[PDB]
Protein chains: 2
Amino acid sequence: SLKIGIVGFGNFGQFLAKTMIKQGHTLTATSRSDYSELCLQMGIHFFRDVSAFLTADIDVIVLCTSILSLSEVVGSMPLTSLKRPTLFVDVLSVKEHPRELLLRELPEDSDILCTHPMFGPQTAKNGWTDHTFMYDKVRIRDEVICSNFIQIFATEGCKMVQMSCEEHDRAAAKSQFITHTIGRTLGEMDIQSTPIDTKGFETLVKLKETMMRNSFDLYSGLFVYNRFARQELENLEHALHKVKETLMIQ
Amino acid sequence: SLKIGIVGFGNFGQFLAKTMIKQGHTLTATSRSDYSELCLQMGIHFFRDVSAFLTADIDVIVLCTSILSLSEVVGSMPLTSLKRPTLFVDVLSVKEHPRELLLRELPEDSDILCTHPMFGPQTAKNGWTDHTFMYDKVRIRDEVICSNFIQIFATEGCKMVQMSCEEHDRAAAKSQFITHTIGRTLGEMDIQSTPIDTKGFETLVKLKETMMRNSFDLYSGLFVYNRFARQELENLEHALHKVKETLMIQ
Ligand SMILES: NC(=O)c1ccc[n+]([C@@H]2O[C@H](COP(=O)([O-])OP(=O)(O)OC[C@H]3O[C@@H](n4cnc5c(N)ncnc54)[C@H](OP(=O)(O)O)[C@@H]3O)[C@@H](O)[C@H]2O)c1
Ligand SMILES: NC(=O)c1ccc[n+]([C@@H]2O[C@H](COP(=O)([O-])OP(=O)(O)OC[C@H]3O[C@@H](n4cnc5c(N)ncnc54)[C@H](OP(=O)(O)O)[C@@H]3O)[C@@H](O)[C@H]2O)c1
């Protein structure tokens, strides 16, 4: 409890590491880019080469690369260099895609846990308490290891939500994707504070600031790999034109 | 300590009344609809017809009708029946229109103060403190009465902002109007809480519920009577379209 290897040590991978290190887990990391110095600072063992990574002593592998790159990343991995059957955890913001991919590409005897912490650096600055953690036990035999990993979030007092990947994607297309879409639209407008802001407008400016601090890759992945996203983008445009037209009538 | 009459005892009219009564001003009301029983519950005299209202003892008349109705309402007022020069105060959400209308329609010896408290029943439930109050001293000769009215909001800890009616409508088109438009758009979509709401999405549901509690009359008036509103609506529509365009080429 627990030796954890992180694939993709960018913004979100780092976020998770800080709390897992605090709880006492032993971390290993690997990534496309060089995080040697940062991992040195944090006492994480960093492997630049993913084949070297897969030979380390690891209970759990956490996939933390961008949605867009997950196919490339998993596809290149020498999964035949896996030393034991391992638990694979993804933390992608969309869920049907990693689920099908990992089911197709991973060795059969390896376990699959699909997850999405509904929070991050911009929204969980202090702690994780009363933030939501979604997960789906896609292929779990070793309940002990699975339970240990899931406990990482429970003991931070996350709200715990078990849900299918498809139901996560339907619900996320109608909520998170719309939320990001609005934040970006406001970012494209570059809204600015005024002397006479309303509470509502202050709220939108803060949403703009937060949504824009995510990568464009992340936002795109929400759309490209969520099959329910396109319809929500449509409903959003269709609703704005309904309001616009009632204004024209008036 | 003022004799204050409200014209238009609707939602916002009643909101202003509650605080002015508490401060110890003598308050009386008139309106298109009959608020006899509500005013009996609240302890103030209601005049059903404006003619009787105009011949009472009043230092300050506050106009709290809808933006759309202002011109009709002021036009139908037997303003010649006024006993004394009186302070007229506007609290409409747009400002160039009432400033122009009142300078045109009022007796010359009546004073004019144009205001927009940047808050209401839905956003200032407990107390006015730290909320913004904009005013423009359009035509003041009696600085004593006017300062005593303004002191109503200052006493409550409002952030006091003096600006021109034009600068107000420019900033308001960029902020308040935009905010209402997105709120109304989310309402047409009828977004709802999900088990995996992000903090950003909770923030939008709140905004939707809040914005949707305003009358469509009110929201119309923000657009129809603010000449800077149209370009802001284009900026929004144009921004959304660019965001969509970046997503579609992937
Ligand atoms: N609040 C959040 O940010 C949040 C919350 C929940 C879930 N997630 C999910 O966690 C994952 C990481 O999110 P993020 O915030 O760190 O930003 P991101 O832009 O979505 O992902 C950045 C990560 O992708 C890595 N990566 C590895 N191979 C890559 C390749 N060929 N192409 C592109 N990127 C590659 C990057 O590696 P290098 O750094 O080595 O270059 C980096 O580690 C995403 O799947 C995201 O959906 C994020
Ligand atoms: N948070 C807020 O709601 C807020 C904040 C700041 C400023 N304001 C401004 O305060 C004013 C009132 O706002 P509101 O929230 O009460 O809602 P509103 O829908 O903008 O206006 C309601 C008032 O307008 C009256 N009215 C509507 N049409 C009329 C007509 N043809 N003829 C005569 N009177 C008419 C109504 O009279 P009856 O009720 O008797 O029918 C009611 O008193 C507006 O100008 C608004 O821009 C509102």
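Basis for what follows: all heavy atoms, side chains included, without hydrogens, waters or symmetry-related copies. In what follows, chains are A, B, ... by sequence order, proteins preceding strands, each numbered from 1. Counting convention: from 1, in listed order, for ligands and their atoms alike.
- Remark: among candidates B/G10, B/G8, B/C64, B/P117, the nearest residue to atom 12 (C) of ligand 2 is B/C64, based on non-hydrogen atoms.
- Of the candidates A/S69, A/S66, A/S71, A/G221, the one placing a heavy atom closest to atom 23 (C) of ligand 1 is A/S66.
- Below 4.0 Å from some heavy atom of A/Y35 lie the following atoms of ligand 1, by number and element: 38 (P), 39 (O), 40 (O).
- Of all the heavy atoms of B/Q122, none lies under 4.0 Å from any atom of ligand 2, so neither backbone nor side chain is involved.
- Ligand-side atoms of ligand 1 in range of A/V91: 7 (C), 8 (N), 9 (C), 10 (O), range being under 4.0 angstrom from any heavy atom.
- Listed by number with element, the atoms of ligand 1 under 4.0 angstrom from any heavy atom of A/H116 are 6 (C).
- For atom 45 (O) of ligand 1, the closest heavy atom belonging to the protein is A/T65 O, 2.8 Å.
- Ranking protein heavy atoms by distance to atom 48 (C) of ligand 1, first place goes to A/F12 CG, 3.5 Å.
- Taking each of B/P98, B/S215, B/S31 in turn, the one with a heavy atom nearest to atom 17 (O) of ligand 2 proves to be B/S215.
- Under 4.0 angstrom from ligand 2, the non-hydrogen atoms of B/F119 all belong to its backbone.
- Distances below 4.0 Å separate heavy atoms of B/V73 from the following atoms of ligand 2: 32 (N), 33 (C), 34 (N).
- Comparing heavy-atom distances from atom 31 (N) of ligand 2 across B/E72, B/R213, B/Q176 singles out B/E72 as nearest.
- Geometrically, ligand 1 and A/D217 share no nitrogen or oxygen pair separated by less than 3.5 Å.
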